[PDB]
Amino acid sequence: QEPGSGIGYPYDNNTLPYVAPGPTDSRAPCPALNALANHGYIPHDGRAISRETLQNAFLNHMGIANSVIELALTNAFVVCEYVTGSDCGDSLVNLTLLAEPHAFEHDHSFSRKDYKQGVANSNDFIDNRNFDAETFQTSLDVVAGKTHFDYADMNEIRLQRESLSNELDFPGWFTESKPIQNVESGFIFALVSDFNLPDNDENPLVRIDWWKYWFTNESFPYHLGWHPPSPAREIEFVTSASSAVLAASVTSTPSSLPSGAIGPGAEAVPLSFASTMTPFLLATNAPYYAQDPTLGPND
């Protein structure tokens, strides 16, 4: 939001306005990174970003502590070296390379299509980076009619996404990624769980309208009463939430589920790629931005 708008105080006293991304700007397959870039907390063009810039932006504008993104940082730079074919040091080339398939980016996402989803030819690939309304709807449909959802509901949503991806992806492509996706499930509970409820820390409930605003608009739901978590969220909350999701009892099992879908997942660890491995090509689609309606500087 613009200075003098009042939006943000007293949680974020140094806000910057929303600015839609241009056709030449680099965006990522991550709702959090795109929202930061849209507000200029990290380069608006999504290029040449350092670990320090990332750490401060998340902490000071999203209520996310450094511990939460420690592994994410390591993995972002592992992917950068893999894609560019060289050490990126302390400057992430751009946000787009984060969409390299079967790396940090994975199949069965909540709001993005898979790299080979519904393609007729084995050599084809599609946009697995930009927000996809239709895909997001398949996630929302699981909790239709509700204003909040818990760990059990989240477990159901991810199972529905794995089922659909397993059926729609070109034969041989689908690769399950429970460890990474569920850290992201933890990310959702950490950012948009209803802190107005007295037991928010023990049994967090995600507010659906907040989640929808963040994902669809790639900006913050201040208009809906949201504000960055305070105190800032720590990694402990995230992995605990991750484990709780996978541990929830399933009351509706979708068909065509990959083997081992229901059950605990392994701990997420640093990625590693062989120097001889050639990376898959990145989708070149221009960056997505909300158009129904378009957003103003304070949205």
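Numbering starts at 1 and follows the sequence shown.
According to the PDB record, 273 to 281 carries the higher mean C-alpha B-factor of the two stretches 17 to 25 and 273 to 281. Looking at 115 to 123 and 129 to 137 together, the entry lists the larger mean B-factor for 115 to 123, computed on C-alpha atoms.
The residue among 249, 242, 38, 67 whose C-alpha carries the highest B-factor in the deposited model is 249. For the set 262, 238, 57, 32, the PDB entry assigns the largest Cα B-factor to 262. In the deposited entry, the Cα temperature factor of residue 94 places it in the middle third of its chain's modelled residues. Annotation for residue 193: C-alpha temperature factor in the middle third relative to the rest of the modelled chain, per the entry. Compared with the other modelled residues of the chain, the Cα B-factor recorded for residue 74 ranks in the middle third. Per the deposited record, the Cα B-factor of residue 218 falls in the lowest third when ranked against the other modelled residues of its chain. In the deposited entry, the Cα temperature factor of residue 147 places it in the middle third of its chain's modelled residues.
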